[PDB]
>>> print(open('model-v8.txt').read())   # compact mmCIF, C-alpha atoms
# COMPACT_ATOMS: atom_id res chain seq x y z
CA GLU K 587 59.61 46.12 43.64
CA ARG K 588 59.83 44.62 47.14
CA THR K 589 63.19 42.93 46.41
CA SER K 590 65.87 43.83 48.95
CA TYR K 591 68.70 45.06 46.71
CA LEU K 592 66.56 46.23 43.78
CA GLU K 593 65.26 49.38 45.49
CA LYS K 594 68.16 51.13 47.21
CA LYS K 595 70.88 51.04 44.53
CA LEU K 596 68.83 53.05 42.03
CA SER K 597 68.03 56.77 42.14
CA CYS K 598 64.59 58.14 42.96
CA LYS K 599 65.35 61.50 41.31
CA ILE K 600 65.18 60.04 37.80
CA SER K 601 62.38 57.61 38.72
CA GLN K 602 60.17 60.46 39.92
CA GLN K 603 60.96 62.32 36.70
CA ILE K 604 60.24 59.10 34.80
CA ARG K 605 56.85 58.78 36.53
CA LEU K 606 55.75 62.20 35.29
CA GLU K 607 57.13 61.48 31.82
CA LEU K 608 55.31 58.13 31.65
CA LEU K 609 52.14 59.79 32.95
CA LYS K 610 52.54 62.46 30.28
CA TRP K 611 53.19 59.80 27.64
CA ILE K 612 50.00 57.88 28.46
CA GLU K 613 47.98 61.03 27.81
CA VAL K 614 49.94 61.62 24.60
CA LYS K 615 49.07 58.16 23.30
CA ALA K 616 45.50 58.39 24.62
CA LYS K 617 44.90 61.73 22.87
CA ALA K 618 46.51 60.45 19.64
CA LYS K 619 43.61 60.65 17.20
CA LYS K 620 45.45 58.67 14.52
CA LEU K 621 45.05 54.89 14.67
CA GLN K 622 48.59 54.04 15.72
CA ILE K 623 48.47 50.25 15.65
CA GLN K 624 51.41 49.48 17.96
CA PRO K 625 50.46 51.53 21.10
CA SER K 626 47.01 49.97 21.35
CA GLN K 627 44.70 50.56 24.30
CA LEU K 628 45.21 46.96 25.44
CA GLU K 629 48.99 47.41 25.30
CA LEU K 630 48.77 50.50 27.51
CA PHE K 631 46.65 48.56 30.00
CA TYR K 632 49.40 45.94 30.08
CA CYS K 633 51.77 48.67 31.25
CA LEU K 634 49.07 50.13 33.50
CA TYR K 635 48.46 46.74 35.12
CA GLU K 636 52.21 46.51 35.72
CA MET K 637 52.01 49.71 37.78
CA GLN K 638 50.28 48.12 40.80
CA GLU K 639 50.01 51.71 42.10
CA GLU K 640 46.46 52.64 43.08
CA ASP K 641 46.61 56.42 42.79
CA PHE K 642 48.84 56.58 39.71
CA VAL K 643 46.57 54.42 37.54
CA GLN K 644 43.62 56.49 38.79
CA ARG K 645 44.98 59.73 37.33
CA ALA K 646 46.71 58.07 34.36
CA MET K 647 43.58 56.34 33.09
CA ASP K 648 41.35 59.38 33.68
CA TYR K 649 42.35 60.29 30.10
CA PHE K 650 40.17 57.44 28.73
CA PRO K 651 36.75 58.69 27.58
CA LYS K 652 36.02 55.69 25.32
CA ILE K 653 37.32 52.17 25.97
CA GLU K 654 37.56 49.58 23.19
CA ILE K 655 39.07 46.24 24.23
CA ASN K 656 39.71 43.01 22.35
CA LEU K 657 40.61 39.97 24.45
CA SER K 658 42.25 36.67 23.52
CA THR K 659 43.65 34.91 26.60
CA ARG K 660 42.85 34.38 30.27
CA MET K 661 45.65 36.75 31.27
CA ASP K 662 44.09 39.35 28.97
CA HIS K 663 40.97 39.21 31.14
CA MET K 664 42.77 39.99 34.41
CA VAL K 665 44.85 42.86 32.99
CA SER K 666 41.65 44.48 31.72
CA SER K 667 39.81 43.66 34.96
CA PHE K 668 42.40 45.51 37.06
CA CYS K 669 41.86 48.59 34.89
CA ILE K 670 38.06 48.80 34.72
CA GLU K 671 37.78 48.15 38.47
CA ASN K 672 39.06 51.68 39.19
CA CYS K 673 38.22 53.62 36.01
CA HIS K 674 35.90 56.31 37.38
CA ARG K 675 35.62 58.32 34.14
CA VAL K 676 34.61 55.63 31.63
CA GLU K 677 31.51 56.44 29.58
CA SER K 678 31.37 53.93 26.71
CA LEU K 679 32.88 50.45 26.98
CA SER K 680 33.17 47.45 24.68
CA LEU K 681 34.65 43.95 24.60
CA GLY K 682 36.16 41.78 21.90
CA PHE K 683 36.29 37.99 22.20
CA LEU K 684 38.19 35.76 19.78
CA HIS K 685 38.99 32.58 21.75
CA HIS K 724 36.99 31.75 28.50
CA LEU K 725 33.31 32.38 27.80
CA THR K 726 32.45 29.92 30.59
CA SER K 727 30.88 31.48 33.68
CA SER K 728 34.00 30.57 35.68
CA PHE K 729 35.98 33.16 33.67
CA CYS K 730 33.77 35.98 32.36
CA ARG K 731 32.17 36.42 35.79
CA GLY K 732 35.26 38.15 37.17
CA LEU K 733 35.28 40.75 34.40
CA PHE K 734 31.49 41.15 34.30
CA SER K 735 31.42 41.70 38.07
CA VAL K 736 33.56 44.78 37.42
CA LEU K 737 30.91 46.41 35.22
CA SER K 738 28.15 46.13 37.83
CA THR K 739 30.31 47.99 40.36
CA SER K 740 31.34 50.79 37.96
CA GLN K 741 29.34 53.95 38.63
CA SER K 742 30.48 56.02 35.64
CA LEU K 743 29.68 53.23 33.18
CA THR K 744 26.67 53.98 30.98
CA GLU K 745 27.00 52.04 27.71
CA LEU K 746 28.05 48.43 27.05
CA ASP K 747 28.77 47.27 23.49
CA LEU K 748 28.93 43.47 23.38
CA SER K 749 27.84 43.21 19.75
CA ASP K 750 29.52 41.04 17.10
CA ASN K 751 30.64 38.36 19.57
CA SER K 752 30.07 34.63 20.02
CA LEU K 753 28.78 35.10 23.58
CA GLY K 754 26.49 32.11 24.08
CA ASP K 755 23.54 31.51 26.37
CA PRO K 756 25.63 30.33 29.37
CA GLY K 757 27.71 33.47 28.97
CA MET K 758 24.53 35.51 28.59
CA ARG K 759 23.12 33.94 31.76
CA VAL K 760 25.95 35.19 33.97
CA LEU K 761 25.66 38.63 32.36
CA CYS K 762 22.08 38.97 33.59
CA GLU K 763 23.18 37.82 37.05
CA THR K 764 25.59 40.76 37.23
CA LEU K 765 23.07 43.24 35.81
CA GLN K 766 20.65 42.50 38.66
CA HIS K 767 23.25 43.79 41.13
CA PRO K 768 22.12 47.11 42.65
CA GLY K 769 24.03 50.18 41.55
CA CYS K 770 24.61 48.96 37.99
CA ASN K 771 24.31 52.22 36.04
CA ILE K 772 24.36 50.64 32.58
CA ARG K 773 21.66 52.30 30.48
CA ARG K 774 22.17 51.13 26.88
CA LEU K 775 23.46 47.70 25.83
CA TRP K 776 23.98 46.50 22.26
CA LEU K 777 23.82 42.74 21.65
CA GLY K 778 23.81 42.49 17.87
CA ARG K 779 25.17 39.45 16.03
CA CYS K 780 25.56 37.59 19.33
CA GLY K 781 25.04 33.84 19.50
CA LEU K 782 21.95 34.34 21.65
CA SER K 783 19.09 31.86 21.29
CA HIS K 784 15.51 31.71 22.57
CA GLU K 785 16.45 30.41 26.03
CA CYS K 786 18.43 33.57 26.82
CA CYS K 787 15.28 35.72 26.82
CA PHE K 788 14.21 34.15 30.12
CA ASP K 789 17.14 35.80 31.90
CA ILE K 790 16.66 39.14 30.12
CA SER K 791 13.05 39.26 31.30
CA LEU K 792 14.36 39.04 34.87
CA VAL K 793 16.70 42.04 34.72
CA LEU K 794 13.95 44.16 33.17
CA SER K 795 11.55 43.14 35.94
CA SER K 796 14.21 44.09 38.51
CA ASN K 797 16.49 46.81 37.12
CA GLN K 798 14.96 50.16 36.19
CA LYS K 799 18.12 51.61 34.61
CA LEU K 800 17.93 50.00 31.15
CA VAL K 801 16.52 52.49 28.65
CA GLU K 802 17.80 51.08 25.34
CA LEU K 803 18.09 47.39 24.45
CA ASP K 804 19.30 46.04 21.11
CA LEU K 805 18.84 42.39 20.12
CA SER K 806 19.20 42.70 16.35
CA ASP K 807 20.40 39.68 14.35
CA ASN K 808 19.52 36.91 16.79
CA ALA K 809 18.00 33.51 16.06
CA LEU K 810 15.23 33.75 18.66
CA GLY K 811 11.77 32.64 17.59
CA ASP K 812 8.26 33.58 18.62
CA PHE K 813 8.90 31.87 21.96
CA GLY K 814 11.72 34.31 22.69
CA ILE K 815 9.40 37.29 22.25
CA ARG K 816 6.80 35.46 24.34
CA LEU K 817 9.26 35.37 27.24
CA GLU W 587 -39.05 15.40 15.31
CA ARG W 588 -40.63 18.78 14.51
CA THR W 589 -41.90 17.59 11.10
CA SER W 590 -45.64 18.16 10.65
CA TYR W 591 -46.85 14.68 9.66
CA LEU W 592 -44.11 12.67 11.38
CA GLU W 593 -45.44 13.17 14.93
CA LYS W 594 -49.20 12.61 14.91
CA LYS W 595 -49.55 9.41 12.85
CA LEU W 596 -47.47 7.33 15.27
CA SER W 597 -48.46 6.10 18.72
CA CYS W 598 -47.05 7.53 21.94
CA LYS W 599 -47.99 4.41 23.94
CA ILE W 600 -45.25 2.32 22.33
CA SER W 601 -42.82 5.25 22.15
CA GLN W 602 -43.09 5.84 25.90
CA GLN W 603 -42.55 2.11 26.44
CA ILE W 604 -39.63 2.30 23.99
CA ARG W 605 -38.10 5.20 25.96
CA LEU W 606 -37.99 3.13 29.15
CA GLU W 607 -36.66 0.11 27.24
CA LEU W 608 -33.93 2.19 25.59
CA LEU W 609 -33.10 3.77 28.95
CA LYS W 610 -32.93 0.28 30.46
CA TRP W 611 -30.78 -0.92 27.54
CA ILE W 612 -28.22 1.86 27.98
CA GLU W 613 -27.68 0.76 31.58
CA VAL W 614 -27.45 -2.86 30.43
CA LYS W 615 -24.69 -2.02 27.96
CA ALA W 616 -23.01 0.36 30.41
CA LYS W 617 -22.92 -2.28 33.17
CA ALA W 618 -21.69 -4.94 30.72
CA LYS W 619 -18.30 -5.83 32.19
CA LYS W 620 -17.26 -7.84 29.13
CA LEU W 621 -15.53 -5.89 26.36
CA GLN W 622 -18.31 -6.09 23.79
CA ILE W 623 -16.66 -4.41 20.81
CA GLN W 624 -19.75 -3.40 18.84
CA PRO W 625 -21.73 -1.41 21.51
CA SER W 626 -18.79 0.86 22.30
CA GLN W 627 -19.09 3.89 24.56
CA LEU W 628 -18.66 6.20 21.56
CA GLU W 629 -21.45 4.37 19.71
CA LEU W 630 -23.82 4.87 22.64
CA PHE W 631 -22.97 8.57 22.69
CA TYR W 632 -23.91 8.69 19.01
CA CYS W 633 -27.36 7.47 20.01
CA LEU W 634 -27.34 9.72 23.08
CA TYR W 635 -26.47 12.76 20.96
CA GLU W 636 -29.39 11.84 18.70
CA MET W 637 -31.72 12.16 21.70
CA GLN W 638 -31.60 15.98 21.88
CA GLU W 639 -33.61 15.53 25.10
CA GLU W 640 -32.03 17.33 28.06
CA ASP W 641 -33.50 15.36 30.96
CA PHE W 642 -33.36 11.93 29.32
CA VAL W 643 -29.63 12.06 28.59
CA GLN W 644 -29.09 13.33 32.14
CA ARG W 645 -30.52 10.18 33.72
CA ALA W 646 -29.37 7.84 30.94
CA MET W 647 -25.71 8.84 31.17
CA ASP W 648 -25.70 8.86 34.99
CA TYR W 649 -24.70 5.18 34.59
CA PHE W 650 -21.22 6.22 33.36
CA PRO W 651 -18.64 6.11 36.17
CA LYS W 652 -15.60 5.92 33.86
CA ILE W 653 -15.48 7.48 30.38
CA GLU W 654 -13.00 6.30 27.75
CA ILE W 655 -13.32 8.01 24.36
CA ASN W 656 -11.38 7.67 21.11
CA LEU W 657 -12.01 10.34 18.47
CA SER W 658 -11.30 10.40 14.74
CA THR W 659 -13.36 13.09 12.98
CA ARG W 660 -14.70 16.59 13.59
CA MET W 661 -18.22 15.21 14.01
CA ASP W 662 -16.84 12.84 16.65
CA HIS W 663 -15.82 15.90 18.67
CA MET W 664 -19.30 17.46 18.75
CA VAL W 665 -21.11 14.21 19.63
CA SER W 666 -18.76 13.76 22.58
CA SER W 667 -19.00 17.46 23.49
CA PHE W 668 -22.79 17.29 23.79
CA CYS W 669 -22.40 14.40 26.24
CA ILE W 670 -19.69 15.69 28.58
CA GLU W 671 -21.40 19.10 28.80
CA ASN W 672 -24.14 17.61 30.99
CA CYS W 673 -22.50 14.53 32.55
CA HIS W 674 -22.73 15.37 36.25
CA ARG W 675 -21.47 11.99 37.53
CA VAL W 676 -18.22 11.57 35.58
CA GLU W 677 -15.16 10.82 37.72
CA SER W 678 -12.39 9.68 35.34
CA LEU W 679 -12.21 10.83 31.73
CA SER W 680 -9.88 10.20 28.80
CA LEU W 681 -9.47 11.09 25.13
CA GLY W 682 -8.11 9.28 22.11
CA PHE W 683 -6.84 11.14 19.05
CA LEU W 684 -5.89 9.43 15.79
CA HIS W 685 -6.31 12.10 13.08
CA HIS W 724 -8.46 18.69 14.61
CA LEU W 725 -5.69 19.32 17.13
CA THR W 726 -5.71 22.99 16.09
CA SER W 727 -7.00 25.41 18.72
CA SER W 728 -10.01 26.16 16.49
CA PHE W 729 -11.30 22.61 17.11
CA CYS W 730 -10.11 21.19 20.44
CA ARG W 731 -11.13 24.39 22.25
CA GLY W 732 -14.82 23.49 22.05
CA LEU W 733 -14.29 20.12 23.70
CA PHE W 734 -11.70 21.38 26.20
CA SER W 735 -14.05 24.19 27.26
CA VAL W 736 -16.44 21.44 28.39
CA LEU W 737 -13.94 20.02 30.89
CA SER W 738 -13.38 23.34 32.66
CA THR W 739 -17.13 23.68 33.28
CA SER W 740 -17.60 20.11 34.57
CA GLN W 741 -17.84 20.05 38.36
CA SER W 742 -17.77 16.28 38.90
CA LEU W 743 -14.65 15.86 36.75
CA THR W 744 -11.55 14.97 38.76
CA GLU W 745 -9.10 13.07 36.52
CA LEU W 746 -8.01 13.72 32.93
CA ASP W 747 -6.00 11.09 31.04
CA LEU W 748 -4.52 12.62 27.89
CA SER W 749 -1.54 10.26 27.75
CA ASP W 750 -0.33 8.42 24.64
CA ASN W 751 -1.47 11.14 22.22
CA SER W 752 0.19 13.38 19.63
CA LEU W 753 -1.14 16.54 21.29
CA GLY W 754 1.40 19.19 20.31
CA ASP W 755 2.42 22.47 21.89
CA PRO W 756 -0.32 24.56 20.19
CA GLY W 757 -2.84 22.02 21.43
CA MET W 758 -1.19 22.09 24.85
CA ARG W 759 -1.38 25.89 24.89
CA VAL W 760 -5.17 25.97 24.59
CA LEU W 761 -5.43 23.28 27.27
CA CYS W 762 -3.73 25.55 29.80
CA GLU W 763 -6.05 28.39 28.77
CA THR W 764 -9.05 26.27 29.76
CA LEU W 765 -7.43 25.04 32.98
CA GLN W 766 -7.07 28.63 34.23
CA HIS W 767 -10.86 28.99 34.13
CA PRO W 768 -12.28 29.20 37.68
CA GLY W 769 -14.24 26.18 38.86
CA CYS W 770 -12.10 23.64 37.00
CA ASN W 771 -12.08 20.76 39.49
CA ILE W 772 -9.48 18.65 37.67
CA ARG W 773 -7.02 17.32 40.25
CA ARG W 774 -4.83 14.75 38.46
CA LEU W 775 -3.76 14.90 34.81
CA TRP W 776 -1.58 12.36 33.00
CA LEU W 777 0.40 13.61 29.99
CA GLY W 778 2.69 10.69 29.23
CA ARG W 779 4.03 10.01 25.72
CA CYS W 780 2.59 13.32 24.51
CA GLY W 781 4.38 15.33 21.84
CA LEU W 782 5.12 18.07 24.35
CA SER W 783 8.36 20.03 23.97
CA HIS W 784 10.22 22.55 26.12
CA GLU W 785 8.09 25.53 25.06
CA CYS W 786 4.94 23.97 26.56
CA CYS W 787 6.32 24.28 30.11
CA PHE W 788 5.80 28.05 29.98
CA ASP W 789 2.03 27.58 29.87
CA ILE W 790 2.05 24.86 32.55
CA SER W 791 3.88 27.20 34.92
CA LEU W 792 0.98 29.64 34.53
CA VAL W 793 -1.81 27.25 35.55
CA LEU W 794 0.18 26.17 38.61
CA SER W 795 0.70 29.81 39.60
CA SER W 796 -3.06 30.38 39.20
CA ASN W 797 -4.97 27.15 39.85
CA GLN W 798 -4.70 25.53 43.28
CA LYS W 799 -6.62 22.36 42.37
CA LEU W 800 -3.84 20.37 40.67
CA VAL W 801 -2.39 17.83 43.10
CA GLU W 802 -0.82 15.29 40.72
CA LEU W 803 0.98 16.09 37.47
CA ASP W 804 2.59 13.52 35.17
CA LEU W 805 4.96 14.53 32.37
CA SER W 806 6.76 11.22 31.83
CA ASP W 807 8.28 10.47 28.41
CA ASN W 808 8.61 14.01 27.08
CA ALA W 809 11.49 15.54 25.12
CA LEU W 810 11.85 18.63 27.32
CA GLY W 811 15.38 19.65 28.28
CA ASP W 812 16.89 21.47 31.22
CA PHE W 813 15.20 24.65 29.98
CA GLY W 814 11.80 23.02 30.42
CA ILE W 815 12.49 22.28 34.08
CA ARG W 816 13.87 25.81 34.44
CA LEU W 817 10.48 27.19 33.39
>>> encode(input="model-v8.txt", output="structure tokens")
Amino acid sequence: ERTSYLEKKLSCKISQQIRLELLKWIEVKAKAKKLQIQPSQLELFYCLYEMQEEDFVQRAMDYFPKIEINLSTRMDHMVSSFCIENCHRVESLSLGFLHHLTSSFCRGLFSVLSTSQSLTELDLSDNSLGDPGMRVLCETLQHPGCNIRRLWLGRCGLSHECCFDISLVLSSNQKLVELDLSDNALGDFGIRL
Amino acid sequence: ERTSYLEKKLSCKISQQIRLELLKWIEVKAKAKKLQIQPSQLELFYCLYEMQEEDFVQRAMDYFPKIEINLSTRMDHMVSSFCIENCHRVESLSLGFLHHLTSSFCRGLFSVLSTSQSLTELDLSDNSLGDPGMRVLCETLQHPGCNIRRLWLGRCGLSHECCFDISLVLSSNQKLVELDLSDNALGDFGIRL
């Protein structure tokens, strides 16, 4: 840390050894098949966000094939945003909302997905993401380079008026191959759009 | 009438004189400025529909600059349909519904308007014409040759889902110059469409 007398009284020999041990530990927890509740993926990202080191988080998070995130607070959005913005090996991604669904908040995190090349699948099912939240999602999907192929939107709070935006991304983006809208209260008008 | 012994026992001399007198009478009632309740425009069309003579109704109804019609029954739709289908001098037209709003009924009358060259104004305001009725109206408006310029749709039972059809006729027909949608319960989504 950039503090004057908090850098040069400590020893780099142990810190460098600590860095490798922490890097090794992240892989150990990431490869832990058992559902250890306390070292959750979100908790690791809290430590990873505290790194503020560009190259270290690049190699440390490269041990994340599948990402499953549940979010509760505004700070939870930025800690996750700093991770996904440089995760170049993510294949499947998901979000969990329990509360920030306004376009002034979810836009920052959703803008990350559109700029992620390795991203292929987005699982937003079983959420209360409303139409205004759905509207900003389609705005990000229209961004060129969005490599998302399959999105699951089951049990979402989507209504008929959301289908207008979804028709736009289909008419623009050619990357979507699989679309799921199961368990939505959209009528015949929604299919018409 | 094509009955055998109902043509050749009566005298054509009086009937020809009657034809001119009836033709004169229609103009007399048509030019009557006072609001004589009993010889209403609909009542005259009942007599005009009973003509079944193509050329006579052409010249007889040419004394109709403004047409104001109120309809109640299915038979009322066909008597009016037979008139408007050959009225080549109509400028302003209107309808009155009090009950046949299903597309299986109003389509026959609405198909007449699209094929009327002289027609310029359509006043459908203050009616309970719903979205399914509005949908078939936009289907007829897309027909080429529809010379309707100004339509008034105030106080109609139109909802948000009707605006999808109206956006189509605008994107296709270039004849509309004035559109009125005052007093409708369409939200921000309706304007969005």
>>> closest_residue(input="model-v8.txt", among="W:637, W:623, W:736, W:786", to="chain K", atoms="only C-alpha atoms")
W:786
>>> interface_residues(input="model-v8.txt", of="chain K", to="chain W", cutoff="9 Å", atoms="only C-alpha atoms", output="list in words")
residues 785, 788, 813 and 817 of chain K
>>> closest_residue(input="model-v8.txt", among="K:727, K:764, K:622, K:658", to="residue K:790", atoms="only C-alpha atoms")
K:764
>>> closest_residue(input="model-v8.txt", among="K:616, K:803, K:679, K:609", to="residue K:737", atoms="all atoms listed in the file")
K:679
>>> atom_distance(input="model-v8.txt", atom1="atom CA of residue K:642", atom2="atom CA of residue K:681")
24.3 Å
>>> closest_residue(input="model-v8.txt", among="W:650, W:632, W:668, W:776", to="residue W:680", atoms="only C-alpha atoms")
W:776
>>> residues_around(input="model-v8.txt", residues="residue K:749", least_positions_apart="4", cutoff="7 Å", atoms="all atoms listed in the file", output="list in words")
residues 776, 777, 778, 779 and 780 of chain K
>>> decode(input="model-v8.txt", residues="stretch 613-681 of chain K", atoms="C-alpha atoms", output="PDB file, in the first residue's frame")
ATOM      1  CA  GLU K 613      -6.375 -22.855  -6.748  1.00  0.00           C
ATOM      2  CA  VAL K 614      -6.782 -25.227  -3.792  1.00  0.00           C
ATOM      3  CA  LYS K 615     -10.114 -23.653  -2.850  1.00  0.00           C
ATOM      4  CA  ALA K 616     -11.170 -23.343  -6.498  1.00  0.00           C
ATOM      5  CA  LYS K 617     -10.475 -27.025  -7.192  1.00  0.00           C
ATOM      6  CA  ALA K 618     -12.214 -28.077  -3.954  1.00  0.00           C
ATOM      7  CA  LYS K 619     -15.084 -30.191  -5.271  1.00  0.00           C
ATOM      8  CA  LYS K 620     -16.815 -30.329  -1.883  1.00  0.00           C
ATOM      9  CA  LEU K 621     -19.254 -27.504  -1.137  1.00  0.00           C
ATOM     10  CA  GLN K 622     -17.224 -25.782   1.562  1.00  0.00           C
ATOM     11  CA  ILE K 623     -19.638 -23.062   2.651  1.00  0.00           C
ATOM     12  CA  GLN K 624     -17.180 -20.626   4.234  1.00  0.00           C
ATOM     13  CA  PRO K 625     -14.646 -20.121   1.355  1.00  0.00           C
ATOM     14  CA  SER K 626     -17.345 -19.202  -1.151  1.00  0.00           C
ATOM     15  CA  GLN K 627     -16.564 -17.905  -4.628  1.00  0.00           C
ATOM     16  CA  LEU K 628     -17.818 -14.447  -3.650  1.00  0.00           C
ATOM     17  CA  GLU K 629     -15.550 -14.450  -0.588  1.00  0.00           C
ATOM     18  CA  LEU K 630     -12.520 -15.251  -2.746  1.00  0.00           C
ATOM     19  CA  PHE K 631     -13.441 -12.393  -5.081  1.00  0.00           C
ATOM     20  CA  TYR K 632     -13.482 -10.110  -2.039  1.00  0.00           C
ATOM     21  CA  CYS K 633      -9.850 -11.071  -1.457  1.00  0.00           C
ATOM     22  CA  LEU K 634      -9.150 -10.922  -5.198  1.00  0.00           C
ATOM     23  CA  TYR K 635     -10.622  -7.417  -5.428  1.00  0.00           C
ATOM     24  CA  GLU K 636      -8.362  -6.428  -2.529  1.00  0.00           C
ATOM     25  CA  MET K 637      -5.342  -7.416  -4.645  1.00  0.00           C
ATOM     26  CA  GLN K 638      -5.526  -4.416  -7.011  1.00  0.00           C
ATOM     27  CA  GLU K 639      -2.746  -6.202  -8.928  1.00  0.00           C
ATOM     28  CA  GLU K 640      -3.565  -6.619 -12.619  1.00  0.00           C
ATOM     29  CA  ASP K 641      -1.339  -9.571 -13.509  1.00  0.00           C
ATOM     30  CA  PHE K 642      -1.794 -11.507 -10.263  1.00  0.00           C
ATOM     31  CA  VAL K 643      -5.592 -11.636 -10.475  1.00  0.00           C
ATOM     32  CA  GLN K 644      -5.232 -12.638 -14.134  1.00  0.00           C
ATOM     33  CA  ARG K 645      -3.356 -15.840 -13.306  1.00  0.00           C
ATOM     34  CA  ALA K 646      -5.112 -16.426  -9.972  1.00  0.00           C
ATOM     35  CA  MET K 647      -8.620 -16.359 -11.445  1.00  0.00           C
ATOM     36  CA  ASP K 648      -7.641 -18.441 -14.496  1.00  0.00           C
ATOM     37  CA  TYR K 649      -8.602 -21.398 -12.260  1.00  0.00           C
ATOM     38  CA  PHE K 650     -12.314 -20.470 -12.556  1.00  0.00           C
ATOM     39  CA  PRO K 651     -14.086 -22.541 -15.230  1.00  0.00           C
ATOM     40  CA  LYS K 652     -17.604 -21.946 -13.868  1.00  0.00           C
ATOM     41  CA  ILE K 653     -18.659 -18.785 -12.022  1.00  0.00           C
ATOM     42  CA  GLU K 654     -21.703 -18.730  -9.731  1.00  0.00           C
ATOM     43  CA  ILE K 655     -22.316 -15.417  -7.957  1.00  0.00           C
ATOM     44  CA  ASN K 656     -25.011 -14.238  -5.553  1.00  0.00           C
ATOM     45  CA  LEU K 657     -25.163 -10.497  -4.866  1.00  0.00           C
ATOM     46  CA  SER K 658     -26.807  -8.528  -2.071  1.00  0.00           C
ATOM     47  CA  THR K 659     -25.348  -5.007  -1.821  1.00  0.00           C
ATOM     48  CA  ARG K 660     -24.004  -2.249  -4.044  1.00  0.00           C
ATOM     49  CA  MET K 661     -20.450  -3.005  -2.909  1.00  0.00           C
ATOM     50  CA  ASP K 662     -21.041  -6.631  -3.915  1.00  0.00           C
ATOM     51  CA  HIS K 663     -21.590  -5.409  -7.479  1.00  0.00           C
ATOM     52  CA  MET K 664     -18.259  -3.590  -7.761  1.00  0.00           C
ATOM     53  CA  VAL K 665     -16.186  -6.410  -6.239  1.00  0.00           C
ATOM     54  CA  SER K 666     -17.680  -8.804  -8.790  1.00  0.00           C
ATOM     55  CA  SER K 667     -17.329  -6.235 -11.585  1.00  0.00           C
ATOM     56  CA  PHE K 668     -13.584  -5.891 -10.991  1.00  0.00           C
ATOM     57  CA  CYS K 669     -13.244  -9.663 -11.359  1.00  0.00           C
ATOM     58  CA  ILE K 670     -15.297 -10.356 -14.489  1.00  0.00           C
ATOM     59  CA  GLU K 671     -13.695  -7.393 -16.286  1.00  0.00           C
ATOM     60  CA  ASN K 672     -10.436  -9.351 -16.638  1.00  0.00           C
ATOM     61  CA  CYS K 673     -11.531 -13.009 -16.428  1.00  0.00           C
ATOM     62  CA  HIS K 674     -10.381 -14.314 -19.813  1.00  0.00           C
ATOM     63  CA  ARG K 675     -11.168 -17.994 -19.133  1.00  0.00           C
ATOM     64  CA  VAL K 676     -14.800 -17.821 -17.972  1.00  0.00           C
ATOM     65  CA  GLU K 677     -17.181 -20.137 -19.832  1.00  0.00           C
ATOM     66  CA  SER K 678     -20.433 -20.237 -17.834  1.00  0.00           C
ATOM     67  CA  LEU K 679     -21.574 -17.343 -15.656  1.00  0.00           C
ATOM     68  CA  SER K 680     -24.556 -16.651 -13.416  1.00  0.00           C
ATOM     69  CA  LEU K 681     -25.921 -13.978 -11.091  1.00  0.00           C
TER      70      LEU K 681
END
